[PDB]
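Peer 1: Please see the structure below; I have some questions.
Computed from the coordinates by the stated procedures, all read-outs in this text should not be read as laboratory data. Here Cβ is always computed from backbone atoms with ideal geometry, including for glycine, and neighbour counts include all displayed protein chains.
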Amino acid sequence: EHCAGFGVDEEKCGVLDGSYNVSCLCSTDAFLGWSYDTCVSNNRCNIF
Amino acid sequence: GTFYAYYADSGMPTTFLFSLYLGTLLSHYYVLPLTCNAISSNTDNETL
Ligand SMILES: *[C@@H]1O[C@H](CO)[C@@H](O[C@@H]2O[C@H](CO)[C@@H](O[C@@H]3O[C@H](CO[C@H]4O[C@H](CO)[C@@H](O)[C@H](O)[C@@H]4O)[C@@H](O)[C@H](O[C@H]4O[C@H](CO)[C@@H](O)[C@H](O)[C@@H]4O)[C@@H]3O)[C@H](O)[C@H]2NC(C)=O)[C@H](O)[C@H]1NC(C)=O
Ligand SMILES: *[C@@H]1O[C@H](CO)[C@@H](O)[C@H](O)[C@H]1NC(C)=O
Ligand SMILES: *[C@@H]1O[C@H](CO)[C@@H](O)[C@H](O)[C@H]1NC(C)=O
């Protein structure tokens with residue numbers, strides 16, 4: 001199975017005075033608990 | 001992360017139909033309502 005999902009900072013989902021006309025969504029920086037790094041060593045990408 | 005389906009149209013013990021890798025946990029199922037002008041006590045006495 002894959003990751004169920006990144007945790008969302010709920011205080012970044014929606015708008016402050018947002019009424020029922022706007023749909024619920026979160027800004028890209030609201031998704032937390034992830035990271036990245038390069039796979040490159042000696043001009044080759046390492047793969048498992 | 002793999003779904004498996006077995007069925008039988010004859011006898012009670014089922015036999016393997018197919019398997020399907022999904023990579024995600026299934027969590028809900030639902031039997032869809034069927035709409036019909038027939039299938040009732042006032043028209044044919046049949047039932048789902
Ligand atoms: C993936 O699945 C999602 C749902 O989970 C789909 O998203 C929905 O897509 C539909 C169609 O694009 C959105 O429909 C809404 O229709 C309203 C008008 O409907 C009437 O009028 C049209 C003709 O104009 C008729 O065809 C229709 O039958 C009705 O009679 C619009 O008012 C909605 O507008 C949204 O934006 C405006 C601001 O621009 C707001 O004022 C509205 O309140 C509303 O937010 C909209 O067009 C539906 O809203 C979508 N839902 C979500 C949750 O996004 C994806 O289309 C689907 N994608 C694929 C590829 O399958
Ligand atoms: C949403 O509704 C409020 C109240 O009617 C209104 O002030 C606001 O301008 C609306 N916003 C949009 C995007 O329609
Ligand atoms: C369905 O069965 C009942 C009980 O025998 C009977 O009263 C009714 O008339 C039947 N309806 C039809 C469509 O045969």
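Peer 1: When only C-alpha pairs under 8 Å and at least 6 residues apart count, what is the relative contact order of chain A, in percent?
Peer 2: 36
Peer 1: Expressed as a whole number of Å, what is the distance separating the alpha-carbon centroids of the range B:19-48 and the range A:2-21?
Peer 2: Using only Cα atoms to place each centre, the spacing works out to 34 Å.
Peer 1: Given a Förster distance of 41 angstrom, what is the FRET efficiency for A:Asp17 paired with B:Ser10, based on the Cβ-Cβ distance and rounded to 0.05?
Peer 2: 0.05
Peer 1: Using Cβ-Cβ distances only, list the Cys residues of the protein assembly as shown with no partner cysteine under 4.7 Å, sorted by number.
Peer 2: That list is A:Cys3, A:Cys24, B:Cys36.
Peer 1: Compute the relative contact order of chain B as a whole-number percentage, counting only Cα pairs closer than 8 Å that sit 6 or more residues apart in sequence.
Peer 2: It comes to 27 percent, rounded to a whole number.
Peer 1: When a/c reaches 1.5 or more, the comparison of a/b and b/c decides; with that in mind, is chain B rounded, prolate or oblate per its Cα gyration tensor?
Peer 2: Oblate shape, in that a/c is at least 1.5 and b/c is the bigger or equal ratio.
Peer 1: Then there's this: Any idea what diffusion coefficient the protein assembly as shown gets from Stokes-Einstein, in µm²/s, Kirkwood Rh on alpha carbon pairs, 10 °C, 1.306 mPa s?
Peer 2: 77
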